[PDB]
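Worksheet: one structure, shown below.
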Ligand SMILES: COC(=O)[C@H](Cc1ccc(Br)cc1)c1ccncc1
Ligand SMILES: [Cl-]
Ligand SMILES: [Cl-]
Ligand SMILES: [Cl-]
Ligand SMILES: [Cl-]
Ligand SMILES: [Cl-]
Ligand SMILES: [Cl-]
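In UniProt numbering, the protein residues as written are 5 to 30, 37 to 117, 121 to 171, 174 to 352.
As structure tokens, this is what we get:
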């Protein structure tokens, strides 16, 4: 057990191992890690065991962060608690590499820049999807980027109704079947988000900036066309089916006339991502082999994940049982090389 030291930073008490120095608020603090030599981000969880829902959410986040080991995905450098026993356990601290900016802060992007940024998102997604994990909240503010154009996916979907209401970026990247609760969704919702991000890097403009759910759906159907009978059968809500059928039918637009001047290979890839029927969208593994990425694709350096057991999600436990499982995962952590 390392030696811990205490300090109050902006009305927050922080008790951390001596290895972490020069803490600065950014609750989250930046620090220097004397063991690895990295600048790090330290997150102190707020009230992690205040309800059954919150205790389970804390366990879910720690299980996910402990699993992810990939160059294009956030990973765990350390996790600790100052507690010496389960009985006094109450605080959880998480540590990762400090990232300086997100995709917004960076975004004159050339076509070569778009190729490299989207390639890295897809490489990370192939890894995440191989473990049967769905991100669900891909958007520019959840992508960290450095000076060398290297990128990481973070802030997995572990959102409220007020959060998704009106003219908000929280909704502009969401697949339509999840925005309107059309059906049980799967990992293909993440490919829709990648298409929206790619379009915005190419044009400089948000692709579907709707003023509400309905205005956004109208923008989407104008580009990709109204649904046919095949997809309509897959919408489980009779209510949503009736609404869709009230709209005048529209053909799919010509993407070469929408994305004027873009690389034709980028136009082709966007057509394969932005498909209304989620069963027919290109997968992450398929997209990495697309000719747009010929300068970067290496099938021997695009790894998959170890399997990920999510059976706890269907389990009903008390607060202290979720808390004891979390304590076990804290003390069993083994750091990366
Ligand atoms: C928007 O993203 C954030 O605010 C996270 C906070 C965060 C810290 C540690 C862990 Br482990 C998980 C998350 C962040 C990650 C890296 N660099 C800065 C901040
Ligand atoms: Cl230490
Ligand atoms: Cl504690
Ligand atoms: Cl965003
Ligand atoms: Cl057109
Ligand atoms: Cl799995
Ligand atoms: Cl597992």
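By construction, the Cβ of each residue, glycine as well, lies at the ideal position given by its N, Cα and C atoms.
Query                                                                                                                                                              : Result
Take residue 121 as the anchor and find which of 316, 215, 14 and 91 has the nearest alpha-carbon.                                                                 : 215
Hey, residue 156 and residue 164 are a contact pair by Cβ (cut 8 Å); roughly how many whole angstroms apart?                                                       : 6 Å
Please return the same chain residues whose Cβ sits closer than 7 Å to the Cβ of residue 297, not counting the five positions on each side in sequence.            : 206, 287 and 288
Taking the C-alpha atoms as reference points, what is the distance between residue 209 and residue 131?                                                            : 8 Å
Determine the burial state of residue 321: buried for a count of at least 16 other Cβ atoms within 10 Å of its Cβ, exposed for fewer.                              : exposed
For a test of the three-state rule: what should DSSP assign to residue 9, helix, strand or coil?                                                                   : strand
Grab me the residues of residue 162's own chain with a C-beta within less than 6 Å of its C-beta, minus the 5 sequence neighbours each way, in chain order.        : 129
What does residue 51 pair with, by DSSP beta-bridge criteria?                                                                                                      : 40 and 106
Cutting at 6 Å between CB atoms, please list the residues of its own chain near residue 337, excluding the five before and the five after it.                      : 65, 66 and 69
Within 7 Å: the Cβ of residue 145 and any heavy atom of ligand 7?                                                                                                  : no
Hey, out of 197, 135 and 279, whose CA is closest to residue 212's CA?                                                                                             : 135
Quick one: any contact between the segment 244–264 and the segment 192–203, if contact means 3 or more CB pairs under 8 Å?                                         : yes
Mark residue 103 as exposed unless 16 or more other C-beta atoms lie within 10 angstroms of its C-beta, in which case mark it buried.                              : buried
With DSSP collapsed to three states, give me the class of residue 21.                                                                                              : strand
Quick check on this structure: which residue in 265, 160, 275 and 16 has the alpha carbon closest to the alpha carbon of residue 55?                               : 16
Pull up the distance between the alpha-carbon of residue 276 and that of residue 222, whole angstroms please.                                                      : 16 Å
Is residue 182 a contact residue of ligand 6, with contact defined as CB to any heavy atom under 7 Å?                                                              : no
At the level of alpha carbons, what is the spacing between residue 335 and residue 344?                                                                            : 14 Å
How big is the Cα-Cα spacing for residue 244 and residue 167?                                                                                                      : 37 Å
Could you check which residue in 137, 281 and 174 has the C-alpha nearest to that of residue 123?                                                                  : 281
Look up residue 29 in the DSSP assignment and give the residues it is bridged to.                                                                                  : 39
Pull up the CB-CB distance for residue 185 and residue 178, whole angstroms please, since I reckon it's below 8 Å.                                                 : 5 Å
From residue 202 to residue 190, what distance separates their C-alpha atoms?                                                                                      : 11 Å
Given residue 25, which residues of its chain have a CB within under 7 Å of its CB, disregarding the five upstream and five downstream residues?                   : 41, 42 and 44
State the start and end residues of the unbroken alpha helix (DSSP H) segment that holds residue 165.                                                              : Here residue 165 belongs to no alpha helix (DSSP H); instead the beta strand (DSSP E) covers 164–166.
Is it buried or exposed for residue 174, if we count other Cβ within 10 angstroms and need 16 for buried?                                                          : exposed
Compute the beta-carbon to beta-carbon distance between residue 348 and residue 76, rounded to the nearest angstrom, for a pair I have assumed lies under 8 Å.     : 7 Å
Going by beta carbon distance, what residues of the same chain come within less than 6 Å of residue 188, once the five residues before and after it are set aside? : 152, 208 and 211
Cα separation between residue 238 and residue 284?                                                                                                                 : 15 Å
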